[PDB]
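make a model of this:
(chains A, B, C, D and E, ligands or ions: 6)
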Protein chains: 4
Amino acid sequence: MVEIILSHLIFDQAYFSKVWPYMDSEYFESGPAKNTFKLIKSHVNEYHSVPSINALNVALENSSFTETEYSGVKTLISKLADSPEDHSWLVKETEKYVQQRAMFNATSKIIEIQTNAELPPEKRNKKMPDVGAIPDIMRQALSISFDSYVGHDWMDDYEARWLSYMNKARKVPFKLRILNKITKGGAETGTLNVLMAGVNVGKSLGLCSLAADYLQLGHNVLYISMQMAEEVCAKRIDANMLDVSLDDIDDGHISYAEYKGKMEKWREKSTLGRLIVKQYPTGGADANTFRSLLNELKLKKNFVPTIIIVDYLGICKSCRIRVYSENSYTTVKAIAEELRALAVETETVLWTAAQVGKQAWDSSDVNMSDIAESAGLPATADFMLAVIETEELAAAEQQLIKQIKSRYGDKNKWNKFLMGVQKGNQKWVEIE
Amino acid sequence: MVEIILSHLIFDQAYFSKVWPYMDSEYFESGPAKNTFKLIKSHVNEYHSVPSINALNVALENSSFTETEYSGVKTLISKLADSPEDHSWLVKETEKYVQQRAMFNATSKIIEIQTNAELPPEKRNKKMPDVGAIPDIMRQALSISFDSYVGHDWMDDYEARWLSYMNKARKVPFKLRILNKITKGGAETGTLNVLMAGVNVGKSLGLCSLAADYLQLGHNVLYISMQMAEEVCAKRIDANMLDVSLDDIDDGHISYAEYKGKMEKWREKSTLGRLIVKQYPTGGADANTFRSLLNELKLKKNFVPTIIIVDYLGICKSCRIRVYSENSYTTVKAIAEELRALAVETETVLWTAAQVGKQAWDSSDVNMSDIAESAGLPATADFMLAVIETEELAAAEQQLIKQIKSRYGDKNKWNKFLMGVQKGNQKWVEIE
Amino acid sequence: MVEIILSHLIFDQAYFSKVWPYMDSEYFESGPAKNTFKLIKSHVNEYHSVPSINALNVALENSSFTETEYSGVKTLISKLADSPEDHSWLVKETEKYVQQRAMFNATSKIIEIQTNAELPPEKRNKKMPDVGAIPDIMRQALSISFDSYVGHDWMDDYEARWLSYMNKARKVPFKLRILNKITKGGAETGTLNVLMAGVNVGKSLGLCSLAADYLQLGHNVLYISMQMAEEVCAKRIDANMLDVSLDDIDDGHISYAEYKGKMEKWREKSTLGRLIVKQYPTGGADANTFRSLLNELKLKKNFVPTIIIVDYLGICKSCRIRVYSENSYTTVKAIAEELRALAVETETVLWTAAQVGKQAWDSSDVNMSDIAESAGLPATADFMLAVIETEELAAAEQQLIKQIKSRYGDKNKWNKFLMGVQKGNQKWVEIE
Amino acid sequence: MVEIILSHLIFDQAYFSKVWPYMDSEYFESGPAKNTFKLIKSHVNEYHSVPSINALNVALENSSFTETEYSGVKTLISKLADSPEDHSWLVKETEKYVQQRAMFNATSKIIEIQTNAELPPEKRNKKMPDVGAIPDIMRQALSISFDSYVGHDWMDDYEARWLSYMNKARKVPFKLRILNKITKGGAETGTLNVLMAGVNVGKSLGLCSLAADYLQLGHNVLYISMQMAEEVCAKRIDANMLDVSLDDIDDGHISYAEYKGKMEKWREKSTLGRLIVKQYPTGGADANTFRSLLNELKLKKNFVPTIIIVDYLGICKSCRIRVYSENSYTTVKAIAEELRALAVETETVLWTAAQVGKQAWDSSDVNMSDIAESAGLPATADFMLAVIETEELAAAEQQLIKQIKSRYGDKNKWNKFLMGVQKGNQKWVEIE
DNA sequence: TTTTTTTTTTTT
Ligand SMILES: Nc1ncnc2c1ncn2[C@@H]1O[C@H](COP(=O)(O)OP(=O)(O)OP(O)(O)=S)[C@@H](O)[C@H]1O
Ligand SMILES: Nc1ncnc2c1ncn2[C@@H]1O[C@H](COP(=O)(O)OP(=O)(O)OP(O)(O)=S)[C@@H](O)[C@H]1O
Ligand SMILES: Nc1ncnc2c1ncn2[C@@H]1O[C@H](COP(=O)(O)OP(=O)(O)OP(O)(O)=S)[C@@H](O)[C@H]1O
Ligand SMILES: [Mg+2]
Ligand SMILES: [Mg+2]
Ligand SMILES: [Mg+2]
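Numbers count the residues shown, from 1 in each chain, chains lettered A, B, ... in the order given. Ligands and ions are numbered 1, 2, ... in the order given. Here you go, the structure:
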């Protein structure tokens, strides 16, 4: 029914107002229909009005396509004529036609991706998406229903807004009291929280301590280590949970009986979730890789995480920018934005680590301007905490956590407090 | 390869154990292959054992099909032979075949769903799923593999992680008591270890001493040199091992009797490894060149290294970044990441050296901020030591090895420790 | 004998382990044999084992091949069969076949090289080697035997190392005993030696004196002067060797009989080499230019230098770097690395010059931190020297040398030795 | 080409004496060309003189030739003319022909060697060289050049070098006795010479003066100005040459009659050169635009300069630096290198100006350390005169010339000298 | 040819 759609795009102002915002060039044909719609779209972009038959003929004469295409477009334009119709049958039929064409294009692209990925490398016609984003494309084929959400009205829609304040399902409480106090109830789902410490100051000890604390509070935690292996992170978690020093495990001061007893005692407790550690090579995982990991975890292991942790965003690969194409600023900003998009998609608290510049190392204070790889990371991150350690603090078994970007509350209040990091047990303890 | 799959299902046993749970009748065909697999599955369900060829013939006789296909099935079971193929290739090829067939089935299913949706509701099939199920089932076809483990589970896999604590399987001792003490068992496999010092301060001296100590502990050590050539390194090793000064070699104070006698005395030891010294042009070798070198070392001789000593990573080239496309920071970070990836792939301890800045060449203390080239090298490294030499230290044949970074222990317990350095013998001795 | 080679690759473990590491795809043909070897090589790379017939004709042959290629590969794979042949005749015949194919490929390559170079520019197919490097390709093709020579085994190659020690077949002695007692026999072959003096302090008087000494020692010397003309240097050499003041050759106090006669005196001496002087514009000569000059000298003048003296390292250009960089650190380091690579490739002692920092001007002592252009140059140099004659040594015709970096020995043993400069004769004399 | 070669062997003397030693029978053909050269070689041997074309015909008349050869030889002899080609093109073309024929013969010989090598050992030719001789044979093909001049060969070019010292082939006098005294006969070709303008001491006045003394000595001078127009610079030149004060021209004291009379008086003198003034915008002239200007002047104006004077080094731009700066050190160092490269490649004396440090401005004495361009100009400059002005020197109409860097001669011989600067006529006169 | 981030280096 392409002829009817074009005719009522021309000879119906009411029809054009609703269907146009959604009409696209890939929904008609590879011949006369697409060319006619391209003519109409160019005229609309140039004059912001629906062209007439004379305007279409003039644009057709000032066009460069061949004789066959010219004749087809001329016949199609000559066949366009308004008919007595009703707005509803046309809008519903157009929605059905657009949905069918979107599904057809999506399945054609799916077949193309499958037949392209099944090719020897270096001859796979790059810039074509991989099989990993096969379902997502189909998800885009179903989100076309002529029902775009205009937005949220402050006065018209306030009961629904008020039924989001006492819900509190968005906030995931910590286990430390100070972190809950500064965040006013803990971190929120669909966010990107960051730890900035430097090199060998913490920043993975803190992530492991957070993972252990969330695990004790009945949470499913997905640790993703882009550098350290799976047994080192698991060893850190074991040291945190079992209250056994990493030196004791290395020096064999803990027996198999004690280890088994502690593990079974933790297992028999109802207030304990599941922690899963996954390792990827440095620069070999992205947002799409994490989504594939999420899907295979949900299917194979029936594991649905809420506290997804990534060891370092700077070590991950952007899923949109080719490697080493853009500078550190753009690449890191894109990676952080994609991670935040993943977090809001799966509705999980995302925790990450970030390096500071060389000038901030061995300094008694770390500012937000000391971020290493990009200034956009603080802009695209919900909460950031700076971990500072000096010789005096190290001798006191304490670290100073400074609130650098506090989006859940006022950062001026409680800006710097001293945590009791214990490096042997990979644990954070409070001083209150 | 359905014939191979069926033959190794009937005959091979470990392949049957690994591949049978991930087998469905929809993966094979709609003809003789499907019928044969159905017969095998029925037999294995009746009797919990793999059938034989005579059993297959009996099942065909008692459980019959239409002769049209029955002839094709009986001629299909005439070629299944033992054919002792290797297990890894067979498993990988079967996995690829089942993944391809799953993708084909998912595409056909989504096409059928789309076709059914187009049909009017009066005559549309009821067993077919709705269009909304198209994405998820596609995901069900994306995550199909033979990997029963998707990650590391803290509570599920408490066993097989305690084994890694009893038997280290990662630690490699240092032959020096101070380094073992500050490392708690020595450097670990799949790690990048760095000695940082000023120009001609003794980066090669320390690396040669470590190589000699590893060689005395029955280790395969591969010394790759982008500079310093080859012979020069073997002379340093000879000075360390044969207890002859460098001046003696270049002044002719050692006879061929002493040299050959000491070499054969070392050869008679059963606790001696192999030391291959390889030379590459400065800036003319990368991680892939190292992988090719390892492959040719494994082929042309029975040499698989456990220690890999790269003389200086700064004078290597990245296997991803084009030459001089990026600055020092990005290139050196990429080189360090590639070297660590090589280390984790080969499960070897990779030692290397790095230069310090121009400002630290005449300083009694060297900080992590004094690293030359990238600041991401300390981030990528697993263990970094700073070699400091001053006039007072040189007057006593000693250096000031300082812990810059340590993923093996707390860097503050023994941060700075004096080490006697015999430059004539190119040897590190410990003060006792 | 391609069929026999492939058959015994598939069906012989000993033959495979003997001949596979020396196999290349450029040896068989441009038809079925090359495709079969590609399949075998891909299988061995992927699974580290020799493929079987089933793996070849099922798991691998189902790939992107045309009908003719598919038929040829099928026929060749079906024709493969194990044949009983002695495993001393097979290896020798395979080695002969490989050598013949390498020679054939080299001949075709040099024919293509000549055809390309015969064509006029703008169509000359860059990155293809010039006509000068025809003999090296043929020589490489000649030495294509199946001998395992990967690196320098420490225990297996101590005989050759001792031969190198006793022959001292790396040292090139100086004519000055002071420079021989600190270098333990002079400079080594594959080395980069540097002089740092300042502005109008030396830095070419020293290079000219070293060239004159090497000329008197029978060495072939190549003086590449980027900053000085081909004649300004020669005249300095004449002043050094003829014991005539540099001013006397300008005012005219030396008669032609003296000049020609003194020259004839040197010519009659059999311990005199060639000091060929070649000038390049300042900033217009790289390592590739020097290689072209070496090839031209070898072909035309039959001149193979043992000493290469570049008048100034910092006014050359980098062959690897394509876009000029305002950062002097990277450019000078790249130039030094390329020069040292050239030196180790040609086994020629390479002397050059470096500029000291303005702070070091009129300073009684010059440290290594006074290097001006780059801090990477001292890291790549094998031996550096500093000239620090400020004001009083000039009145006594003296120059003090500090020995800033010494890779031939301990630089703290004889740090200063107060060389006897003579600027009129442009030479160095000892203070014995 | 063979016809031309034989014709100019018969009918020329310089061509014969130049190309006969490099002429062989195998270089021509297997029919007319080779036989005809054989006749020339035969006659050149029995009678040591070039045969007459009739004598060459007499050789054909009296020689063993097959009917076809004898005819072929007669036709070729009748086809030789005494036409006059240019010598350089003839020598170059016959060299190329000889090189191509030698390469073809060597390639055919190595192919024949390889073919003979792949033959039954019992059955092969003994005279054919072994395969190992292939790389040497090609070398003999590449060692064919009518004239070998790769650089300056010491002990092989001493007679030519002496003719350079006596004839002062490189020196260009100054017309000022003091400047000739300190340069041992003037500046040299292929050099960069700069004057260190101090505190508002000067701006082009000196370079304009240098553009008059060279003009009076007969040299072609190209004055490139950036901060001035052509008319203004030529007005400064007129002031110096016509003895008219600079302000007198603007005021109008000098009339057209006197101006034209003085100009024609200068034109009558045969000891006068040509001055070409070219203007470029500030920062819009790198030392690659100057090459284009020289090419245009040579092609169109036939003006090949011996002196090139650039108004100001700082105003110039680097050919390949992209980013320019009003007063940046990196640009000045690059500009100096590019200008000196231009001087070397054009064999011209290049003069320019640069600013100095404020300390050099306040202090009457100027140190190389006290220079705006440090380690950049006193490294690429053969001569650097420090022209500074003092109120006392001003009151006496003088300027103290100090010699800060003299590659030509000893810097301390005559370092300080007083110059009679006239600021009105823009002139330098000597002081008794 | 400019523009902007980050780093590293060096010169004043
Ligand atoms: N095995 C161990 N035993 C004891 N202490 C350890 C051990 N590993 C690490 N530490 C301590 O933990 C501190 C911080 O460890 P990490 O969390 O790995 O630092 P980091 O910031 O994550 O390292 P990078 O540079 O970001 S990869 C170190 O400085 C050590 O003091
Ligand atoms: N060939 C040698 N003969 C004698 N002593 C040497 C020799 N090479 C090095 N040394 C001594 O050992 C010290 C360190 O040398 P290396 O370990 O080779 O240098 P490095 O720290 O690797 O730095 P580079 O690579 O030379 S910039 C020197 O400063 C000397 O004291
Ligand atoms: N013709 C000469 N007569 C006498 N002494 C000279 C002569 N040329 C140079 N010198 C002296 O030689 C030294 C100059 O060093 P050179 O060997 O020319 O190299 P350089 O000048 O230091 O290099 P740069 O980059 O040009 S500063 C000074 O001590 C001069 O006095
Ligand atoms: Mg970390
Ligand atoms: Mg080194
Ligand atoms: Mg010089």
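
ok, now which ones touch residue A:102?
Going by CB atoms under 8 Å, 6 or more residues apart in numbering or on different chains, residue A:102 touches A:27, A:140, A:141, A:144. Backbone N, C-alpha and C define where each C-beta goes, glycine included.

whoops, residue A:340 was the one
A:190, A:191, A:192, A:350, A:380, A:381, A:382.

how near is the closest residue to the second one other than its chain neighbours to residue B:98?
By the measure of CB to CB, 6 or more residues apart in numbering or on different chains, the closest residue to residue A:191 outside its immediate chain neighbours is residue A:382, 3.6 Å from it. When distances are taken as CB to CB, to the nearest Å, residue A:382 and residue B:98 turn out to be 42 Å apart.

pull up the distance across stretch A:212-223, start to finish.
Length of stretch A:212-223, first residue to last, CA to CA, to the nearest Å: 10 Å.

for the longest strand along chain A, output the C-alpha coordinates as PDB.
When chain A is parsed with DSSP state E, its longest strand is strand A:399-406. Taking C-alpha atoms only, strand A:399-406 is exported to PDB below (Å, rounded to 0.1, in the frame of the first residue of the first chain):
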ATOM      1  CA  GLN A 399      43.200   5.500  54.000                       C
ATOM      2  CA  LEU A 400      41.500   8.900  53.400                       C
ATOM      3  CA  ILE A 401      38.400   8.600  51.100                       C
ATOM      4  CA  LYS A 402      37.500  12.000  49.500                       C
ATOM      5  CA  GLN A 403      34.100  12.500  47.900                       C
ATOM      6  CA  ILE A 404      35.100  13.900  44.500                       C
ATOM      7  CA  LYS A 405      31.800  13.700  42.500                       C
ATOM      8  CA  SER A 406      28.800  13.000  44.900                       C
END
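
how about it: buried residues?
By neighbour count on 16 or more other CB atoms under 10 Å in any protein chain shown, the buried set for strand A:399-406 is A:399, A:400, A:401, A:402, A:403, A:404, A:405, A:406.

C-terminal to it, what's the next element?
Using DSSP states H and E, the helix or strand that follows strand A:399-406 in sequence is strand A:416-419.

circling back to that earlier point, how about residues contacting the longest strand of chain A?
Contacts of strand A:399-406 (CB under 8 Å, 6+ apart): A:182-183, A:194, A:196, A:201-202, A:365-368, A:378, A:381-390, A:393, A:411, A:414-419, A:421.

ok, stretch A:164-183 next?
Outside stretch A:164-183, the residues that reach it (CB under 8 Å, 6+ apart) are A:185-190, A:210, A:213-214, A:216-217, A:219, A:306-307, A:349, A:383, A:403, A:406, A:408-409, A:413-414, A:417, A:419, A:428, A:430, A:432.

may I see the ChimeraX selection of the buried members of those residues?
Restricted to buried positions by 16+ other CB under 10 Å, the ChimeraX selection for the contacts of stretch A:164-183 reads:
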select /A:186,187,188,189,190,210,213,214,216,217,219,306,307,349,383,403,406,408,417,419,428
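
inside helices: which ones of the contacts of stretch A:164-183?
Using DSSP state H, A:210, A:213, A:214, A:216 are the members of the contacts of stretch A:164-183 that sit in helices.

just to revisit the earlier point, just the buried residues of strand A:399-406 now: which is nearest residue A:291?
residue A:405 (26.0 Å; CB to CB).

what angle sits between whichever helix in chain A runs longest and helix B:87-118?
For chain A, the helix with the greatest residue count under DSSP H is helix A:87-117. With axes from the mean of the first three to the mean of the last three CA atoms, to 10 degrees defining the directions, helix A:87-117 sits at 160 degrees from helix B:87-118.

in helix A:87-117, what's buried?
Across helix A:87-117, burial judged by 16+ other CB under 10 Å covers A:90-91, A:94-95, A:97-99, A:101-103, A:105-107, A:109-110, A:113-114.

swap in stretch A:49-56?
A:50, A:51, A:55, A:56.

could you find the closest non-adjacent residue to residue A:390?
residue A:364 (5.4 Å).

you'd agree the one you found is in a helix?
No: assessed with DSSP: H, G, I helix; E, B strand; the rest coil, residue A:364 is coil; it does not lie in a helix.

how many residues are close by it?
Other residues lying near residue A:364 total 11 when counted by other CB atoms under 10 Å in any protein chain shown.

SS state for the residue in the stretch 101-250 of chain A that chain D sits nearest to?
Across the stretch 101-250 of chain A, the shortest distance to chain D (CB to the nearest CB) belongs to residue A:127, at 30.3 Å. The three-state label given to residue A:127 by three-state DSSP is coil.

with distance to residue C:279 added, can I get the buried residues of strand A:399-406 in a markdown table?
Compiled in a markdown table, the buried residues of strand A:399-406 are given as follows (distance: CB to CB, whole Å):
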| residue | distance to residue C:279 |
| --- | --- |
| A:399 | 63 |
| A:400 | 63 |
| A:401 | 65 |
| A:402 | 62 |
| A:403 | 66 |
| A:404 | 60 |
| A:405 | 61 |
| A:406 | 67 |
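
what is the neighbour count of the one residue in chain A that gets nearest to ligand 2?
As assessed by CB to the nearest ligand atom, ligand 2 sits closest to residue A:358 within chain A, at 21.7 Å. Per other CB under 10 Å, the neighbour tally for residue A:358 reads 21.

my guess is it meets residue B:373, correct?
No: assessed by CB atoms under 8 Å, residue A:358 is found out of contact with residue B:373, at 11.2 Å.

circling back: out of the buried residues of stretch A:49-56, which are inside helices?
A:55, A:56.

I'd like the buried residues of stretch A:49-56 as JSON lines, with distance to chain B appended.
Shown next, in JSON lines, are the buried residues of stretch A:49-56 (distance: CB to the nearest CB, whole Å):
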{"residue": "A:50", "distance to chain B": "30"}
{"residue": "A:51", "distance to chain B": "32"}
{"residue": "A:55", "distance to chain B": "35"}
{"residue": "A:56", "distance to chain B": "31"}
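
leaving out chain neighbours, which residue sits closest to the residue of chain A closest to ligand 2?
Here the residue nearest residue A:358, using CB to CB, 6+ apart, is residue B:375, at 4.3 Å.
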